[PDB]
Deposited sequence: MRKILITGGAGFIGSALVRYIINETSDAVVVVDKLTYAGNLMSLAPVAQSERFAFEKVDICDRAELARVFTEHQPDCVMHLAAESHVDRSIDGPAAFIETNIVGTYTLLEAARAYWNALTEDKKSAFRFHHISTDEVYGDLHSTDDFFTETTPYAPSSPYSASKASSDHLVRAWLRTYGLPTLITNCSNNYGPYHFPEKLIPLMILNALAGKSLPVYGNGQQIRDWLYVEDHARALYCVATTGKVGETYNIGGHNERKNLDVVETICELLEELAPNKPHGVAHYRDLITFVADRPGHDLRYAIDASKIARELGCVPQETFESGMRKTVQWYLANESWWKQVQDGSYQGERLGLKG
């Protein structure tokens, strides 16, 4: 029984990983999540009553609390997903994205290093530190036939991605300097169940259901690779448990879809699944408003080496996602309510 420590385990992706591990594995988990606006205990509820489940409300920047957790749970592995996507003001000190993403990764690295360093030769060679990053570190694509590979130079363009790139550099340097067994995975845009209402996909669905404008910028021609949450979760576990130390692996949905395609799809699916439309709406597609870049990943390394390929298609994943929303209204509503935060 593997004990896995997962940071940001109460977030979108992290929660999916947790549900997977408990539902489709015999392993155990320890969730480390400070519970920001982004965290949601309701997404964990499904597997919260499990014996192999443990939760620690800790801040990755709290070295002491961190050491404790490591001491108490003795994880065999760490999967680092905790991160801040908001870029707040700098008027009162360093923003959270700098602290969490860069400072917090450093702290976690040091806390693990300490732990690892005191492990028996046996537990020592087996330990693994898995860092989750983003494909935004690769910057921009300068062609229509180029893809992001694990060897694309870094060229982060936003504070947030610059923040993530830094974390990656740190993770890589600990291994090379101190020998800490680290690995990294970069992924594309994820979508799926338990995705926050204000996000793109979920937003569209919900607005449509509400009979609200479906804002689409530019030509709506921006292309993205969409990776289904569940598929992401599966690949993470794979990389962790079988992935090779010092290696990086990109993880993608194996697709390229334009933004308009995304909205159309949702509309098309809604017509079928949500026949009865909002007041004074002929067709959902009537809501698409034009209030006017390509990003695609090459996940062949992982497929080749680890043999783990996505199980869904844009189409199958989208359908599932739309059904989820219609089925799990209590969730999204609680989140919109804000009442989710105050949950136990």
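Stretches of the deposited sequence left without coordinates are 293 to 298, 351 to 355, in sequence order.
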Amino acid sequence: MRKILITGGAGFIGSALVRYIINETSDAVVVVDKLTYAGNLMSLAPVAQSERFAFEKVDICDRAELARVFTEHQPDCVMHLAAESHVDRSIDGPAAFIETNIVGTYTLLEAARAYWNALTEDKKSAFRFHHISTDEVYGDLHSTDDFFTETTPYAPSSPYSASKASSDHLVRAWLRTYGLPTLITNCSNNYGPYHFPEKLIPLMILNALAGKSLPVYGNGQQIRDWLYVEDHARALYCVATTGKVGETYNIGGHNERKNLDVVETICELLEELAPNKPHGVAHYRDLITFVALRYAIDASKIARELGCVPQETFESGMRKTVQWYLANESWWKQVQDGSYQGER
From here on, numbers count along this sequence of modelled residues.
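Averaged over CA atoms, B-factors in the entry run higher in 210 to 218 than in the other of 186 to 194 and 210 to 218.
The mean Cα B-factor in the deposited entry runs higher for 19 to 27 than for the other of 19 to 27 and 320 to 328. Across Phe290, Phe314, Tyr37, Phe70, the greatest Cα temperature factor reported in the deposited entry is at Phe290.
In this structure the maximum Cα B-factor among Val47, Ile302, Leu41, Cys61 is found at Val47.
When the modelled residues of the chain are ordered by their C-alpha B factor, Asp168 lands in the lowest third. Among the modelled residues of the chain, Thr144 sits in the highest third by CA temperature factor in this PDB entry. Ranked within its chain, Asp298 lands in the lowest third, by CA B factor from the PDB record. Sort the chain's modelled residues by C-alpha temperature factor and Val229 lands in the lowest third, per the entry. Placement of the Cα temperature factor of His86 within the chain: lowest third of the modelled residues, per the deposited record.
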